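Heads up: the structure comes next, in structure tokens.
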Amino acid sequence: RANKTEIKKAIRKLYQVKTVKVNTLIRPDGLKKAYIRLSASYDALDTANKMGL
Amino acid sequence: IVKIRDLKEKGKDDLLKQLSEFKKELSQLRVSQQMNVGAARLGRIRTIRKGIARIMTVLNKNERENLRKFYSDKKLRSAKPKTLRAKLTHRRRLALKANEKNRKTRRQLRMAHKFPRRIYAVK
Amino acid sequence: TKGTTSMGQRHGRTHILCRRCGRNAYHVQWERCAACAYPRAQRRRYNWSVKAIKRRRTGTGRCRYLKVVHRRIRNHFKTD
Amino acid sequence: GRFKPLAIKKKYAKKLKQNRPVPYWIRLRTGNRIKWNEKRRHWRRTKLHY
Amino acid sequence: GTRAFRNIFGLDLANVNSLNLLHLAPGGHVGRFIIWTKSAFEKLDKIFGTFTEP
Amino acid sequence: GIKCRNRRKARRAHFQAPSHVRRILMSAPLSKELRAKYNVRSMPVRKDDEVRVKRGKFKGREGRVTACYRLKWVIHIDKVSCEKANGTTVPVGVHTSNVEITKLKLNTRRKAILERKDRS
Amino acid sequence: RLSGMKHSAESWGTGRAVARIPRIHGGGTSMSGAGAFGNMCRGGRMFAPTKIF
RNA sequence: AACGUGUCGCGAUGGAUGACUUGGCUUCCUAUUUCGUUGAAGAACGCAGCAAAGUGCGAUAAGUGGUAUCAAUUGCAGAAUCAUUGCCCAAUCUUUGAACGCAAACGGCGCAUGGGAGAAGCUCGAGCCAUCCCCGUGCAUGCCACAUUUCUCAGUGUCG
RNA sequence: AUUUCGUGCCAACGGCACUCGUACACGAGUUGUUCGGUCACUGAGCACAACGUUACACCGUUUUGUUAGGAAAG
RNA sequence: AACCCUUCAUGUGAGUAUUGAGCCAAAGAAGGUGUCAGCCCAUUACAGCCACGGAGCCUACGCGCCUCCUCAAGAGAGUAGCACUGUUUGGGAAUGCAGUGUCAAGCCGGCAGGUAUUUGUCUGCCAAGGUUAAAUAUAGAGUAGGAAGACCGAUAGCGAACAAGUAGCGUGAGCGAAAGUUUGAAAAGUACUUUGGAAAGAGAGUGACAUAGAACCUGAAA
RNA sequence: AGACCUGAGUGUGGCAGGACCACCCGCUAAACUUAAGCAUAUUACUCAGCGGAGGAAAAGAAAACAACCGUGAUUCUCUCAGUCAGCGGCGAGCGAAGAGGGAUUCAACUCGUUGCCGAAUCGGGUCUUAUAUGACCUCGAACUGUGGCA
Ligand SMILES: [Mg+2]
Ligand SMILES: [Mg+2]
Ligand SMILES: [Mg+2]
Ligand SMILES: [Mg+2]
Ligand SMILES: [Mg+2]
Ligand SMILES: [Mg+2]
Ligand SMILES: [Mg+2]
Ligand SMILES: [Mg+2]
Ligand SMILES: [Mg+2]
Ligand SMILES: [Mg+2]
Ligand SMILES: [Mg+2]
Ligand SMILES: [Mg+2]
Ligand SMILES: [Mg+2]
Ligand SMILES: [Mg+2]
Ligand SMILES: [Mg+2]
Ligand SMILES: [Mg+2]
Ligand SMILES: [Mg+2]
Ligand SMILES: [Mg+2]
Ligand code: NA
Ligand code: NA
Ligand code: NA
């Protein structure tokens, strides 16, 4: 039930990054998936390592 | 882990802080769940979830206690939220009160006083 | 051509799912349910089908609130 | 086709998740009576429409 | 005087007033072993009467 | 109070008993030495207790109680076991009415029970 | 009083090469077309049902 | 001769019979005995470490709280009075439904009021934050009483 | 309504066959300021409100410029 | 221990069974436990003992204090009645009711008194406003408990002893099953060798019994 | 300009709808069937349809029976009684009441009207530990009559 604007603000609060685009889809099993592109000043690989991926 | 006896004394600000730390710790556990975890790390998810529910229980009760005290006066008696009023069945809330059901007229009062019940026995 | 050939001429649909009961009985064109009579406030109940009545009556579902209030009555609304 | 309401899409999603076998560890429980999922569905046998 | 003689398996207790035929003739067959207390024995003349005595 | 004139009702109450009821139903007699000391006929069994089996294939065997499998109405005793085909060792269940208690794991709550049941 | 008689069975009539007993309606149940309502039928009503008076 | 027929011993196919029974049916009795706008009954969607159905529960989601008892639960994990178990006072209670802001094969669209976030801009990292976005509450129709410090009106109705 | 994709698999199924498969198993896949719909139009039509009728609304009227004996504009 | 003889073997689950001694009973009561149990377990009682209890109900109409309170007229009007029509009743020259028309009395009143009319007595009541426990129903309802049965015993008894108003069928209103997981006391649910791609076969092993091997007690007929 | 009457808008506090429906109360209302045919009759003032409650409902305190040496609200039970009561193509069929023995029962009350009074009544606000059957105030309702005594 979340929308794009709420997702973008939640990401910054949780991980302290700035984004440039959010794309969403609803999966066939009912879940919602989001692709989030970070700004060039932020490294997605560095953030994923901090997350624990 | 938390104990309900310790959460009782803490203030609202302290309880709200402890809620945020528990929610953050739960989020990290879900991330590891997507990867391979191990049995020990898979446990304590229920422990964190239980602790969150205990903090919310204390927070809600304190709020409801404050509202009851605020409206604890005969002045308002109608601004009180319906959820705070005593809930019985729908029929019991409309039936008749104790004082309304036993009302007697002036003639009824005098007759009852003049001819009271007696206990007599025979022989 | 009224048999096998005519089965290939059936294209649309008369009924869809009902918002109040399910059951796939909501007439699309007439905008009413053939099972619960929605959007009429009263639902259907006929004594020429006691089998159908016993399928829908209370106790065939969850009774989410009735369980609570029945226990409160048994304990004469003990409080605090 | 392409069009379907989100409510209808959610109903189909629940039926997809139901179409799966019984876990192996369920059969080893004390006093078990379940051997296989009796409510399996195939898209060519039974329709269920929606 | 029943308390001592209850719990004894195979012993039946009865009251001289309200004698039961289903107990006196089990299965329809007559002739049952009956033990009489002295007080109950002396009451049989009054309860059932005699010949030429109601 | 499970036993009733209704056999159908008595059997339903026994086999659908909750966990706290099954604790009482799984009781064992005390030994002669314990009876002479505590003056109690029998007590419910618990883990870390010492028992001696009196009825069945294991007669005269002694051991310490390892588990109280209430879901299977049995107790597990160490050194009372069987070998599998692979060589693994598995415990064998024994009904609690076939054993007797020789040593009790004392506790402040268990001591309260013994004083409750003291006939003298 | 309702035992064995809670169906909507009726006779198929003559000309269908089957006996004239009432038969259960519907399809897809293995109960469809089965004999019903008779004291000789499986799941039917017994002869002279017992009463409490 | 082969095929075919018949009797006996053994073996298949099939699921009768007997013995079992936490189920049904029938009769009788006892209560601090009878739902809902303080949102019912029903209907949908979700929740377990491994969890399809069923059961319990509702984002506090196989449960939080109180109480009595005490060592279990168990398929494998895993934790070690506090669990489990029985009962019950305090709570939570998603989307709907009489369904009631307006609609509806739409997880759609408002008005009023109070909050929240804010990567533009402004002022001195901080404070104000426009557009956009999120959340709480109120807003159906009819009928009854009141305007208690006695609200605003309309009639070539009757007077003045 | 997952039949799509990859890997594996041949018990049952594809009236013969299978090493193949729309079969079985385990995991994956559907990205929008501009595309279609709603936002935001009227049509053949429908029927909430109001009124009337009916023992009983679960009935009738409701686009020929248009509701209602009709004070419906905030 | 299977056509007969010889050698060599292998075979009896769990004592609630039998026998002999006791003991309890204000308790002999019917459930569980590897076979038929008063004394292995749980139960079986007050001829009782503890904690909790916010509303309600009962008790010198329970018991104190303050406050309050107390000790000539008339009688139901579009009503009753009457006519016609319809329905209803055992009610028959009309039992009750409904519609329309007509429409009272109270200065010797009105209604009833089971055959119509007019007249006079006698008897009993006083319509057209309202409230009210107990003894009664529960003929397909509930919420919690209890008690049972000369009943059925898995094609029977509820459709349903089982994930049953489920699977499945129909555009829909609706229709609606089959199926005891009853192996064994206990999974001790067949390690290992050998042939086979696998499924399986031949040996070995567990178990009192494997012709008790997993939809596994018994296992009939065609 | 100001009253009264009639009628609107808004605000404050409340209530109705839906479910259950075995039993109970009010309406509406068949045919199969029997009559060896069938139309009045019967099935039946039943089934199906609509509305409304409770823990029970409904009834209930004489404009009642009787004709006696008189009973005394309602409900229910045995009986009266398948009736030498009665209705009916007088066919098929149908069909009660009073009395009598019981269950229950300290069971009974009061609006209007008549006579004597005439806001002594109600709502709201404040005080008394109190939304008191108390007190004070009230150009609020009520004299087109609320209350109290016989
Ligand atoms: Mg998109
Ligand atoms: Mg045709
Ligand atoms: Mg066509
Ligand atoms: Mg059409
Ligand atoms: Mg479709
Ligand atoms: Mg049957
Ligand atoms: Mg083939
Ligand atoms: Mg009345
Ligand atoms: Mg059956
Ligand atoms: Mg059946
Ligand atoms: Mg209603
Ligand atoms: Mg009700
Ligand atoms: Mg005829
Ligand atoms: Mg004939
Ligand atoms: Mg004819
Ligand atoms: Mg009444
Ligand atoms: Mg009749
Ligand atoms: Mg008056
Ligand atoms: Na139009
Ligand atoms: Na008249
Ligand atoms: Na009816």
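Residue numbers (UniProt numbering), protein chains in the order written: chain A, 111 to 163; chain B, 4 to 126; chain C, 2 to 81; chain D, 2 to 51; chain E, 215 to 268; chain F, 3 to 122; chain G, 55 to 107. The C-beta atom is built at its ideal place from N, Cα and C for all residues, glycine as well.
Less than 8 Å between the CB atoms is what I'm expecting for residue i and residue j, so what's the real figure, rounded?
i	j	result
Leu-70 of chain B	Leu-91 of chain B	20 Å between Cβ atoms; not a contact.
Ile-77 of chain F	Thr-98 of chain F	6 Å
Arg-57 of chain B	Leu-97 of chain B	Rounded, the Cβ-Cβ distance is 38 Å, inconsistent with contact.
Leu-22 of chain B	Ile-48 of chain B	The Cβ separation is near 17 Å, so there is no contact.
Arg-46 of chain C	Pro-40 of chain C	Their Cβ separation, rounded to whole angstroms, is 17 Å, which puts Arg-46 of chain C and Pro-40 of chain C out of contact at 8 Å.
residue 165 of chain A	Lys-143 of chain A	A question about residue 165 of chain A goes unanswered here, because the residues of chain A that appear run from 111 up to 163.
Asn-20 of chain D	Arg-41 of chain D	6 Å
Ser-33 of chain F	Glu-102 of chain F	5 Å
Taking residue i as the reference, give the member of the options with the closest Cα.
i	options	result
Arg-52 of chain B	B:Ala-89, B:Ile-4, B:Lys-72	B:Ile-4
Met-59 of chain G	G:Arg-74, G:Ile-78, G:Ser-86, G:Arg-70	G:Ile-78
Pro-31 of chain F	F:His-22, F:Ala-38, F:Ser-44	F:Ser-44
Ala-14 of chain D	A:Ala-158, A:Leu-141, A:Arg-111	A:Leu-141
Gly-65 of chain F	F:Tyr-71, F:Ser-83, F:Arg-72, F:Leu-73	F:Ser-83
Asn-33 of chain D	D:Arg-46, D:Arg-3, D:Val-23, D:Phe-4	D:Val-23
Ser-29 of chain F	F:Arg-48, F:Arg-57, F:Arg-37, F:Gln-18	F:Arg-48
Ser-62 of chain G	C:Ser-7, C:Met-8, C:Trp-31, C:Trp-49	C:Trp-49
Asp-50 of chain F	F:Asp-120, F:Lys-105, F:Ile-115	F:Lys-105
Provide the residue span of the beta strand (DSSP E) that contains residue i, from first to last.
i	result
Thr-68 of chain F	64-71
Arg-54 of chain F	52-55
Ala-89 of chain B	Where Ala-89 of chain B is concerned, there is no enclosing beta strand (DSSP E), given that its DSSP letter is neither H nor E.
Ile-79 of chain F	76-79
From the DSSP secondary-structure annotation, give me the bridge partner or partners of residue i.
i	result
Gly-23 of chain C	C:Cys-19
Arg-147 of chain A	A:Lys-131
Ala-53 of chain C	In DSSP, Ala-53 of chain C forms no bridge with anything.
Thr-91 of chain F	F:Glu-85
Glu-102 of chain F	F:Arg-54
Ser-44 of chain F	F:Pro-31
Taking residue i as part of the alpha helix (DSSP H), name the residues at either end of that continuous run.
i	result
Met-59 of chain B	48-73
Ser-30 of chain B	15-37
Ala-228 of chain E	Looking at the DSSP string, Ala-228 of chain E is not in any alpha helix (DSSP H), and its letter there is neither H nor E.
Quick check: what's the CA-CA separation for residue i versus residue j?
i	j	result
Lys-68 of chain C	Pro-20 of chain F	21 Å
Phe-91 of chain G	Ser-57 of chain G	10 Å
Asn-41 of chain F	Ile-7 of chain B	42 Å
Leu-45 of chain B	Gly-162 of chain A	16 Å
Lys-117 of chain B	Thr-108 of chain B	14 Å
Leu-17 of chain D	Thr-61 of chain C	26 Å
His-93 of chain B	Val-70 of chain C	11 Å
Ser-81 of chain B	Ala-89 of chain B	13 Å
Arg-44 of chain C	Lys-11 of chain F	41 Å
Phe-265 of chain E	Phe-223 of chain E	38 Å
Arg-25 of chain F	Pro-46 of chain F	7 Å
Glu-52 of chain F	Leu-36 of chain F	12 Å
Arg-110 of chain B	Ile-122 of chain B	24 Å
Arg-95 of chain B	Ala-36 of chain C	35 Å
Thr-5 of chain C	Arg-57 of chain C	37 Å
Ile-136 of chain A	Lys-118 of chain A	17 Å
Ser-151 of chain A	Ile-121 of chain A	16 Å
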